[PDB]
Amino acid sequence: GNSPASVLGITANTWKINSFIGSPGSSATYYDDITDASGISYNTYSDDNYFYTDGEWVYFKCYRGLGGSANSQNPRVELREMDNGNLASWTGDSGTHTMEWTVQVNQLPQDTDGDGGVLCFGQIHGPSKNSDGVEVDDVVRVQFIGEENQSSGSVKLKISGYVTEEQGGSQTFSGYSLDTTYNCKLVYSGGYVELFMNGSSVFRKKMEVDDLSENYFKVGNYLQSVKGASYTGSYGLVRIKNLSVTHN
């Protein structure tokens, strides 16, 4: 009655859950679909180290160096958009495609280099190679960036992924904060990627790529700048409610 999947209103047919098993540490084991793990079923899954609820929010807790033994890339505990059991895959200039979620970031991790902390709390992901060979990978990452292990206060919104990095550089925006509710709306329509925060358009930019097929949303906690980092207990914490995806 109280599970994270029930509180957030998600099902295996609408979102796949990327999570870990084992105590947090460099030897924890990543699962692209956590329900593949022994003993785990989607509508009862909860683990206070990673993915849990208090009946209002669902918390995604991920750690610097988590699983670093197996893979040095940035770790995540996150949802992957599904389409009635098929993988979601949709086109950024045909139809209008929206993810809305209410979020806070409560804690930033510590970069590999020790200076700074950052994580991504929503994304659009595209094809690794589109039909023209363009390496799209993440279309956009919506992130907060601040101090290493930051626990309160002021951060910047940072927009990364293809739409900024391959088109003039990542973009940052002042005046955001930890422990602060934002109603986020991420739209891909007409070949433009756009974020609204509390009803204001804060970022909007065209993808100058021909083939905008094979996108899907992700949302959760994808740490950043922790490639090759050791496990120290440093973590990020993202909490979400009021999640929906709309396709028109």
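Just count from 1 along the sequence shown to find any residue number.
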Original post:
Looking at the deposited entry, does 138-146 or 80-88 carry the larger mean Cα B-factor?
Top reply: 80-88
Original post:
Got a sec? Mean C-alpha B-factor, which is higher, 8-16 or 227-235?
Top reply: 227-235
Subject >> Most elevated Cα B-factor in the entry, residues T98, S128, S177, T172 >> reply: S128
Original post:
Based on the PDB record, which member of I40, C62, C184, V202 exhibits the highest Cα temperature factor?
Top reply: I40
Original post:
Based on the entry's values, in what third of the chain does the Cα temperature factor of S26 lie: lowest, middle or highest?
Top reply: highest
**OP:** Compare the C-alpha B factor of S3 with those of the other modelled residues in its chain, then answer lowest, middle or highest third.
**Re:** middle
**OP:** Would you check the entry's CA temperature factor for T35 and let me know if it's in the chain's lowest, middle or highest third?
**Re:** highest
Subject >> B-factor third for the C-alpha atom of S69 within its chain >> reply: highest
**OP:** Would you mind checking where the Cα B-factor of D47 ranks among the modelled residues of its chain, as the lowest, middle or highest third?
**Re:** middle
